Amino acid sequence: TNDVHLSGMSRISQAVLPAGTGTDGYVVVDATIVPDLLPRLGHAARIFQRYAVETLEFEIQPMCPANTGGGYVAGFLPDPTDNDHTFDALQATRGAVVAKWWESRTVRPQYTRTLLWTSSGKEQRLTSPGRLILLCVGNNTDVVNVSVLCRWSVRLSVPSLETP
Amino acid sequence: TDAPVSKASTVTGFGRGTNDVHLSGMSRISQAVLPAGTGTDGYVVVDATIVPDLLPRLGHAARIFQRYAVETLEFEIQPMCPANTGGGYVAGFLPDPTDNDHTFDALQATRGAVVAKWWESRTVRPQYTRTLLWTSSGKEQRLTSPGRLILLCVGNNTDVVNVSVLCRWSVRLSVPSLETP
Amino acid sequence: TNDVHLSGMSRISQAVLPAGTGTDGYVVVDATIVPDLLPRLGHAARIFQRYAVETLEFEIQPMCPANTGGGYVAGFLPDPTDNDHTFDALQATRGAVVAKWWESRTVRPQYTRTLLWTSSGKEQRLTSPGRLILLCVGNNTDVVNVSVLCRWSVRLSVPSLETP
Amino acid sequence: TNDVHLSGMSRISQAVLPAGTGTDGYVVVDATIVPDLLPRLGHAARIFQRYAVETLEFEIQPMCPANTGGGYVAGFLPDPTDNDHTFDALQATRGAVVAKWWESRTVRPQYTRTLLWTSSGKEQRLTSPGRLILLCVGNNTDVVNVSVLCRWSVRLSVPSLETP
Amino acid sequence: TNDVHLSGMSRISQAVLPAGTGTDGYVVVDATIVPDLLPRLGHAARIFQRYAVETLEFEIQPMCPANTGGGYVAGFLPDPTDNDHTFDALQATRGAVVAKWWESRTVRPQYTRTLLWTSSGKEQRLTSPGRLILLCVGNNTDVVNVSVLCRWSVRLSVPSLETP
Amino acid sequence: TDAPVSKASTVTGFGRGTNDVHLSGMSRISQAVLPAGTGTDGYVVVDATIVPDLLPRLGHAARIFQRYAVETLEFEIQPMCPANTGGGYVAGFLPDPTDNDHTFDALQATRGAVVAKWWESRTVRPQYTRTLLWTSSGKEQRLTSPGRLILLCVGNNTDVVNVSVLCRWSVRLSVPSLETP
Ligand SMILES: [Ca+2]
Ligand SMILES: [Ca+2]
Ligand SMILES: [Ca+2]
Ligand SMILES: [Ca+2]
Ligand SMILES: [Ca+2]
Ligand SMILES: [Ca+2]
């Protein structure tokens, strides 16, 4: 097995939510987790055909004053095809968190460990372990700058040279 | 003992100075002030190539040695600003002194990189070579420096930010000499 | 571990030699082996700081009719700084080959397995294993399309995300 | 110890045979194997007094179109003093080859492993393992560029610093 | 490991200091120790790419009448890049000696044992173990003829054919 | 953990550098040349107040410490001249840095003083305080220097004399700081 194990942390999302626009249910972050989204895994998948997610954790690291109001709910839907973006869908899934805008949280999700495809295809279920959604809970008072990072570990296989 | 034409030199301990010195300490490698609004995303707060000259006592100690090995290297991002400050920072130690890539992804790719809010302090425990480095400068700086510490803003800072970047260093100096700049 | 083992085979050089211009001693190919010269290794070194060349082979694949006169001498100088481009300098290197223009051959070079640097710098000796030089021997009668391929194997360390 | 083991592969001869001049029995190559004839071994014998040939092979690499008629006979006379340049004398030697002008071959000679002298002297038998003779067989139709390569391995002894 | 171990003694420097010109601090000998400086190691490095210094000792053998005045200080700076040529730099280093002009001394220096490069490059620290400096201490009275010899042992690697 | 108005500082190892360093070495504290006839009796060949600045590596090490104690101090008079030279020298280490008495009797009164001919080398094993001295300079130099080494001619020198005065020093440095001239 000429399988390359690669791991690291990288920012999957950067969002700037201005004060007053963060109504309840607003989709701050919506990211289908594909290797192209990750910076280093981007090149790793550019030089490989298939990857398997061994470790996957998300870290919501919002940077805002401690006196800000409102909060966020973050969750990882294990189905890339699912398009339901609501509090109910996030609360149903496992690993989801809800916390105030100044708090930093970790989503430990339920993801498939099968061998997925680095490139895109007709079926998203063969290419991505899922998607991550970060929604507003309430109304924010200050300008929020939220960075969603991801500790990931993957196994790569089937060498190639892909294109964006 | 007869009188000779010339007597042999009696200098004995010449060229026998101390070879190894372990020197430890902690010093401020950088200090930055950011007025409100300047700290846009990607702004380079701190860019410091870790060299013996950067650390004053280590600089004076390296002026009398040829080689040094970094036994221990850790950094502290200590921002002295209130908790009402918005924005954050990313800090990381690039093990390549030559690389001048100043982005969030480049820093996050390195081991030990920290992403924090401006009212949170972090410790960077980086990856550094244990090989012998040269105290004096040369053409290639990959032989003289373990790397560079980089600190960027992640978001716009609401208030003024005072950030001090500290370093705990432990080094072993070897090959005694007398260097001059 | 941080160490990942990659292997592959890619074309380091593509040259076209018109009829009659291939005089003895002419330099068909002069390629400094760097990770950017190899596509998959290009991406791999873009996501790493250090690399060590475990295995290195070259394949001279000249595409010309059997009625082509002359030949080539191919070698791998294990010194990236060395600029000698004579027959004796190539032949002194281990694994150098001499062959007719219509006869593909393989170079098995000898080099020191030291941990190199993926990104460029002041000293080229810390970043490249060496150079491949391909010279003409005699005169070619036809036009020769020469593809110089490299079968490589590397060990990568110190993860990062570099830029070209 | 004083004994150092060196090996290498270098071109002992480069010859050009015009069309029609390669009559049967013509002497294309007649090279007395001496350390000066081999560059790296040239320097090695310049810094030593005695050398013993542990391994010796030759590669005839004629660079001509496939439509070339005639051929060559290549052999290694293990007597530097011998001046016989006929087909039977070469064929009697161990490892002699006969091949078409467009077919590269290898000679595996037989010789006595005696400790020789790097520097020249009155008796050539104490300084050289022998000679390589390459003769024409039949008539060549095209022009043939012949490179005679030698893969050698020596043991060197009695350090000194000689002059040419 | 096809590493050739070679050793011997050879004169690195020959200096003729006339009477009255040997003022204190005068640089009698300044030699960056490279294999090209050594006679036999010159050819050895001409036929090799890399070398590692296993044993290195210098022997100051000045030839002058015993009634001459003044002396010398000799020392090996382990940094080839260092350009400080004074008594202080020599006294700081280890292995340095100071003795009268009629005395013969041995400098046993502190040198790197890493694999250095026979050829020259941008960085001198990858090509030379250091430099040797021999300075005057006082004023000489007679004409001094000082020969600096070196017992050296090296390991050579990566065959090639270099140029001066 | 609730959000406070301000969080406590997390700087922990501050003000915890190394306190004691033992540094040894040997250096030329003086070098003198005497043309024929100049070295009359009582001529002061060498007058060197032993201070950390006089010893280069010790000077750089004392720039990062406050106090130093001389554990070992010995001197070598090494005159590099032939045996046909007439005259001699007297060498001695005055334990008082302030005293500027330059005579044969003053030197001979001290312990360890040596009287030799110009073609003979001597070792001065002096009497020095083991108390803590100040690395930096001050009003009173009795608190910063163990003493001064003095070297005079005893008789007229017939030939030119080259004399080098060396010192083996071992010191213990304490009270870390960062001194500036
Ligand atoms: Ca694909
Ligand atoms: Ca230096
Ligand atoms: Ca790099
Ligand atoms: Ca000879
Ligand atoms: Ca070279
Ligand atoms: Ca002070």
# chains A, B, ... in the order shown; residues from 1 in each chain; ligands from 1

$ residues_around --residues "residue 67 in chain F" --least-positions-apart "6" --cutoff "8 Å" --atoms "only C-alpha atoms" --output "PyMOL selection string"
chain F and resi 132-135+173-175

$ closest_atom_pairs --of "chain A" --to "ligand 1" --cutoff "8 Å" --atoms "only C-alpha atoms and all ligand atoms" --output "CSV"
residue,atom,partner,partner_atom_place_in_ligand_line,distance
A:48,CA,ligand 1,1 (Ca),7.9
A:49,CA,ligand 1,1 (Ca),5.1
A:50,CA,ligand 1,1 (Ca),7.7
A:117,CA,ligand 1,1 (Ca),6.7
A:118,CA,ligand 1,1 (Ca),6.1
A:119,CA,ligand 1,1 (Ca),4.3
A:120,CA,ligand 1,1 (Ca),7.2
A:160,CA,ligand 1,1 (Ca),7.7
A:162,CA,ligand 1,1 (Ca),6.2

$ write_last_selection --atoms "N, CA, C and O atoms" --output "tab-separated table (two decimals), in the first residue's frame"
chain	number	residue	atom	x	y	z
A	48	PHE	N	-2.93	13.66	-6.09
A	48	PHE	CA	-3.45	12.34	-5.79
A	48	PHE	C	-4.88	12.22	-6.31
A	48	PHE	O	-5.55	13.23	-6.56
A	49	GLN	N	-5.34	10.98	-6.49
A	49	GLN	CA	-6.69	10.74	-6.96
A	49	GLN	C	-7.69	10.47	-5.85
A	49	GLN	O	-8.81	10.97	-5.91
A	50	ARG	N	-7.31	9.68	-4.84
A	50	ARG	CA	-8.27	9.26	-3.83
A	50	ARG	C	-7.75	9.60	-2.45
A	50	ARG	O	-6.54	9.64	-2.22
A	117	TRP	N	-13.15	10.46	-3.52
A	117	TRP	CA	-12.44	10.92	-4.70
A	117	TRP	C	-12.07	12.39	-4.55
A	117	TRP	O	-12.90	13.21	-4.14
A	118	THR	N	-10.82	12.72	-4.88
A	118	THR	CA	-10.36	14.10	-4.75
A	118	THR	C	-11.05	15.02	-5.75
A	118	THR	O	-11.42	16.15	-5.42
A	119	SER	N	-11.24	14.55	-6.99
A	119	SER	CA	-11.89	15.35	-8.01
A	119	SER	C	-13.40	15.38	-7.78
A	119	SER	O	-13.95	14.65	-6.96
A	120	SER	N	-14.07	16.25	-8.53
A	120	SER	CA	-15.52	16.36	-8.46
A	120	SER	C	-16.16	15.40	-9.46
A	120	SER	O	-15.58	15.03	-10.48
A	160	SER	N	-1.64	11.04	-9.35
A	160	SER	CA	-2.06	11.68	-10.59
A	160	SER	C	-1.64	13.14	-10.53
A	160	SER	O	-0.92	13.56	-9.62
A	162	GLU	N	-3.99	16.42	-11.03
A	162	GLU	CA	-5.31	16.95	-11.31
A	162	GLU	C	-5.24	18.44	-11.64
A	162	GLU	O	-4.19	19.08	-11.55

$ interface_residues --of "chain B" --to "chain F" --cutoff "10 Å" --atoms "only C-alpha atoms" --output "PyMOL selection string"
chain B and resi 3-7+9-11+13-18+21-27+56-65+76-84+119-122+166+168+177-178

$ interface_residues --of "chain D" --to "chain C" --cutoff "6 Å" --atoms "only C-alpha atoms" --output "MDAnalysis selection string"
chainID D and resid 10 63:66

$ select_by_dssp --residues "chain D" --states "strand (DSSP E or B)" --output "ChimeraX atom specification"
/D:4-17,27-32,48-63,71-77,97-100,105-107,116-117,131-137,144-159

$ select_by_dssp --residues "range 51-129 of chain F" --states "alpha helix (DSSP H)" --output "list in words"
residues 56, 57, 58, 59, 60, 61, 62, 104, 105, 106, 107, 108 and 109 of chain F

$ closest_atom_pairs --of "chain B" --to "ligand 3" --cutoff "10 Å" --atoms "only C-alpha atoms and all ligand atoms" --output "JSON lines"
{"residue": "B:94", "atom": "CA", "partner": "ligand 3", "partner_atom_place_in_ligand_line": "1 (Ca)", "distance": 8.5}
{"residue": "B:95", "atom": "CA", "partner": "ligand 3", "partner_atom_place_in_ligand_line": "1 (Ca)", "distance": 8.0}
{"residue": "B:96", "atom": "CA", "partner": "ligand 3", "partner_atom_place_in_ligand_line": "1 (Ca)", "distance": 5.3}
{"residue": "B:97", "atom": "CA", "partner": "ligand 3", "partner_atom_place_in_ligand_line": "1 (Ca)", "distance": 8.1}
{"residue": "B:98", "atom": "CA", "partner": "ligand 3", "partner_atom_place_in_ligand_line": "1 (Ca)", "distance": 6.9}
{"residue": "B:99", "atom": "CA", "partner": "ligand 3", "partner_atom_place_in_ligand_line": "1 (Ca)", "distance": 5.4}
{"residue": "B:100", "atom": "CA", "partner": "ligand 3", "partner_atom_place_in_ligand_line": "1 (Ca)", "distance": 8.9}
{"residue": "B:101", "atom": "CA", "partner": "ligand 3", "partner_atom_place_in_ligand_line": "1 (Ca)", "distance": 9.2}
{"residue": "B:142", "atom": "CA", "partner": "ligand 3", "partner_atom_place_in_ligand_line": "1 (Ca)", "distance": 9.9}

$ write_last_selection --atoms "N, CA, C and O atoms" --output "mmCIF file, in the first residue's frame"
data_model
loop_
_atom_site.group_PDB
_atom_site.id
_atom_site.type_symbol
_atom_site.label_atom_id
_atom_site.label_comp_id
_atom_site.auth_asym_id
_atom_site.auth_seq_id
_atom_site.Cartn_x
_atom_site.Cartn_y
_atom_site.Cartn_z
ATOM 1 N N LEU B 94 8.281 29.542 10.926
ATOM 2 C CA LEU B 94 8.729 28.875 9.712
ATOM 3 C C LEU B 94 10.137 28.339 9.918
ATOM 4 O O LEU B 94 11.051 29.123 10.216
ATOM 5 N N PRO B 95 10.361 27.030 9.773
ATOM 6 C CA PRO B 95 11.713 26.480 9.950
ATOM 7 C C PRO B 95 12.670 26.835 8.829
ATOM 8 O O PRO B 95 13.838 26.432 8.889
ATOM 9 N N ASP B 96 12.217 27.552 7.807
ATOM 10 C CA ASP B 96 13.078 27.972 6.716
ATOM 11 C C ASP B 96 13.358 29.458 6.852
ATOM 12 O O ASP B 96 12.442 30.272 6.667
ATOM 13 N N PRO B 97 14.583 29.859 7.188
ATOM 14 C CA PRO B 97 14.877 31.299 7.260
ATOM 15 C C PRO B 97 14.687 32.018 5.936
ATOM 16 O O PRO B 97 14.348 33.207 5.924
ATOM 17 N N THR B 98 14.888 31.325 4.813
ATOM 18 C CA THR B 98 14.836 31.988 3.514
ATOM 19 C C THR B 98 13.405 32.271 3.067
ATOM 20 O O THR B 98 13.156 33.280 2.398
ATOM 21 N N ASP B 99 12.459 31.395 3.403
ATOM 22 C CA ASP B 99 11.086 31.577 2.940
ATOM 23 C C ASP B 99 10.488 32.867 3.489
ATOM 24 O O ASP B 99 10.489 33.104 4.700
ATOM 25 N N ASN B 100 9.962 33.692 2.584
ATOM 26 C CA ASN B 100 9.325 34.958 2.924
ATOM 27 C C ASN B 100 7.840 34.944 2.575
ATOM 28 O O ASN B 100 7.293 35.949 2.118
ATOM 29 N N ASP B 101 7.183 33.803 2.774
ATOM 30 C CA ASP B 101 5.752 33.676 2.532
ATOM 31 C C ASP B 101 4.991 34.147 3.766
ATOM 32 O O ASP B 101 5.132 33.566 4.847
ATOM 33 N N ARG B 142 20.453 29.648 5.645
ATOM 34 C CA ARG B 142 19.952 28.372 6.139
ATOM 35 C C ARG B 142 20.951 27.651 7.028
ATOM 36 O O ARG B 142 20.561 26.714 7.734
#

$ residues_near_ligand --ligand "ligand 2" --cutoff "7 Å" --atoms "only C-alpha atoms and all ligand atoms" --output "ChimeraX atom specification"
/B:66,134-136,179 /E:79,82

$ residues_around --residues "range 22-33 of chain A" --least-positions-apart "5" --cutoff "8 Å" --atoms "only C-alpha atoms" --output "number ranges by chain"
A: 12-13, 15, 17, 80, 85-87, 128-140

$ write_last_selection --atoms "N, CA, C and O atoms" --output "JSON list (two decimals), in the first residue's frame"
[["chain", "number", "residue", "atom", "x", "y", "z"],
["A", 12, "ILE", "N", -10.67, 26.50, 7.15],
["A", 12, "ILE", "CA", -11.58, 26.20, 6.05],
["A", 12, "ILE", "C", -12.41, 27.43, 5.71],
["A", 12, "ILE", "O", -12.83, 27.59, 4.55],
["A", 13, "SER", "N", -12.66, 28.31, 6.67],
["A", 13, "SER", "CA", -13.55, 29.42, 6.35],
["A", 13, "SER", "C", -13.16, 30.67, 7.12],
["A", 13, "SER", "O", -12.70, 30.60, 8.26],
["A", 15, "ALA", "N", -15.17, 34.37, 7.78],
["A", 15, "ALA", "CA", -16.40, 35.12, 7.58],
["A", 15, "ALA", "C", -16.38, 36.39, 8.42],
["A", 15, "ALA", "O", -15.93, 36.37, 9.57],
["A", 17, "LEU", "N", -19.07, 38.90, 9.75],
["A", 17, "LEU", "CA", -20.48, 39.19, 9.95],
["A", 17, "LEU", "C", -20.60, 40.59, 10.54],
["A", 17, "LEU", "O", -20.24, 40.79, 11.71],
["A", 80, "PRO", "N", -23.08, 15.30, 2.01],
["A", 80, "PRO", "CA", -22.81, 16.47, 1.16],
["A", 80, "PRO", "C", -24.02, 16.90, 0.34],
["A", 80, "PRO", "O", -24.14, 18.09, 0.01],
["A", 85, "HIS", "N", -30.44, 23.87, 5.74],
["A", 85, "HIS", "CA", -29.59, 24.78, 6.51],
["A", 85, "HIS", "C", -30.46, 25.48, 7.55],
["A", 85, "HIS", "O", -30.92, 26.61, 7.35],
["A", 86, "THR", "N", -30.67, 24.81, 8.68],
["A", 86, "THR", "CA", -31.51, 25.31, 9.76],
["A", 86, "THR", "C", -30.95, 24.82, 11.08],
["A", 86, "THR", "O", -30.09, 23.93, 11.13],
["A", 87, "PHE", "N", -31.44, 25.41, 12.17],
["A", 87, "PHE", "CA", -31.02, 24.99, 13.50],
["A", 87, "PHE", "C", -31.40, 23.54, 13.76],
["A", 87, "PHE", "O", -30.66, 22.81, 14.43],
["A", 128, "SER", "N", -16.96, 13.88, -0.99],
["A", 128, "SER", "CA", -16.85, 14.69, 0.21],
["A", 128, "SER", "C", -17.43, 13.94, 1.41],
["A", 128, "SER", "O", -18.44, 13.24, 1.28],
["A", 129, "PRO", "N", -16.80, 14.07, 2.58],
["A", 129, "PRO", "CA", -17.38, 13.45, 3.78],
["A", 129, "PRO", "C", -18.64, 14.14, 4.27],
["A", 129, "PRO", "O", -19.42, 13.52, 5.00],
["A", 130, "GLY", "N", -18.86, 15.39, 3.89],
["A", 130, "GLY", "CA", -20.04, 16.11, 4.32],
["A", 130, "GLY", "C", -19.84, 17.60, 4.11],
["A", 130, "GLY", "O", -19.00, 18.03, 3.32],
["A", 131, "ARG", "N", -20.63, 18.38, 4.84],
["A", 131, "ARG", "CA", -20.49, 19.83, 4.83],
["A", 131, "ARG", "C", -20.57, 20.37, 6.25],
["A", 131, "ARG", "O", -21.10, 19.72, 7.15],
["A", 132, "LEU", "N", -20.00, 21.55, 6.45],
["A", 132, "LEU", "CA", -20.02, 22.23, 7.74],
["A", 132, "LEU", "C", -20.86, 23.49, 7.62],
["A", 132, "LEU", "O", -20.71, 24.25, 6.66],
["A", 133, "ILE", "N", -21.75, 23.69, 8.59],
["A", 133, "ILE", "CA", -22.64, 24.84, 8.62],
["A", 133, "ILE", "C", -22.44, 25.55, 9.95],
["A", 133, "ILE", "O", -22.41, 24.91, 11.01],
["A", 134, "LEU", "N", -22.30, 26.87, 9.89],
["A", 134, "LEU", "CA", -22.23, 27.74, 11.06],
["A", 134, "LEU", "C", -23.29, 28.81, 10.89],
["A", 134, "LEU", "O", -23.24, 29.60, 9.94],
["A", 135, "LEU", "N", -24.26, 28.83, 11.81],
["A", 135, "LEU", "CA", -25.42, 29.70, 11.77],
["A", 135, "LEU", "C", -25.43, 30.62, 12.99],
["A", 135, "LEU", "O", -24.84, 30.31, 14.03],
["A", 136, "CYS", "N", -26.14, 31.74, 12.85],
["A", 136, "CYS", "CA", -26.35, 32.67, 13.95],
["A", 136, "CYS", "C", -27.46, 32.17, 14.85],
["A", 136, "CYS", "O", -28.44, 31.58, 14.38],
["A", 137, "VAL", "N", -27.31, 32.41, 16.15],
["A", 137, "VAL", "CA", -28.36, 32.18, 17.13],
["A", 137, "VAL", "C", -28.59, 33.53, 17.79],
["A", 137, "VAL", "O", -27.81, 33.98, 18.63],
["A", 138, "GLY", "N", -29.67, 34.20, 17.40],
["A", 138, "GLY", "CA", -29.96, 35.53, 17.88],
["A", 138, "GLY", "C", -29.44, 36.60, 16.95],
["A", 138, "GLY", "O", -29.23, 36.38, 15.76],
["A", 139, "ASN", "N", -29.24, 37.78, 17.51],
["A", 139, "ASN", "CA", -28.74, 38.94, 16.78],
["A", 139, "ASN", "C", -27.43, 39.40, 17.42],
["A", 139, "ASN", "O", -27.37, 39.59, 18.63],
["A", 140, "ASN", "N", -26.41, 39.57, 16.59],
["A", 140, "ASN", "CA", -25.14, 40.08, 17.09],
["A", 140, "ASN", "C", -25.22, 41.59, 17.34],
["A", 140, "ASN", "O", -26.07, 42.29, 16.78]]

$ residues_around --residues "residue 111 in chain F" --least-positions-apart "3" --cutoff "8 Å" --atoms "only C-alpha atoms" --output "NGL selection string"
:F and (92 or 108 or 125-127)

$ residues_around --residues "residue 89 in chain B" --least-positions-apart "4" --cutoff "8 Å" --atoms "only C-alpha atoms" --output "list in words"
residues 115, 116, 117, 118, 151, 152, 153, 154 and 155 of chain B

$ closest_residue --among "C:16, C:53, C:126, C:77" --to "ligand 5" --atoms "only C-alpha atoms and all ligand atoms"
C:77

$ interface_residues --of "chain B" --to "chain C" --cutoff "6 Å" --atoms "only C-alpha atoms" --output "PyMOL selection string"
chain B and resi 106+109-110+140

$ residues_around --residues "residue 147 in chain E" --least-positions-apart "4" --cutoff "7 Å" --atoms "only C-alpha atoms" --output "list in words"
residues 11, 13, 14, 15, 60, 61 and 62 of chain E

$ write_last_selection --atoms "C-alpha atoms" --output "JSON list (two decimals), in the first residue's frame"
[["chain", "number", "residue", "atom", "x", "y", "z"],
["E", 11, "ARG", "CA", 53.27, 20.86, 2.07],
["E", 13, "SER", "CA", 52.55, 26.41, 2.17],
["E", 14, "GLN", "CA", 56.06, 27.66, 1.42],
["E", 15, "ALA", "CA", 56.95, 31.17, 2.60],
["E", 60, "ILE", "CA", 55.04, 24.18, 10.94],
["E", 61, "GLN", "CA", 58.62, 23.34, 9.91],
["E", 62, "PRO", "CA", 60.55, 26.62, 9.60]]

$ closest_residue --among "D:145, D:153, D:81, D:127" --to "ligand 4" --atoms "only C-alpha atoms and all ligand atoms"
D:127

$ atom_distance --atom1 "CA of residue 20 in chain E" --atom2 "CA of residue 29 in chain F"
25.6 Å
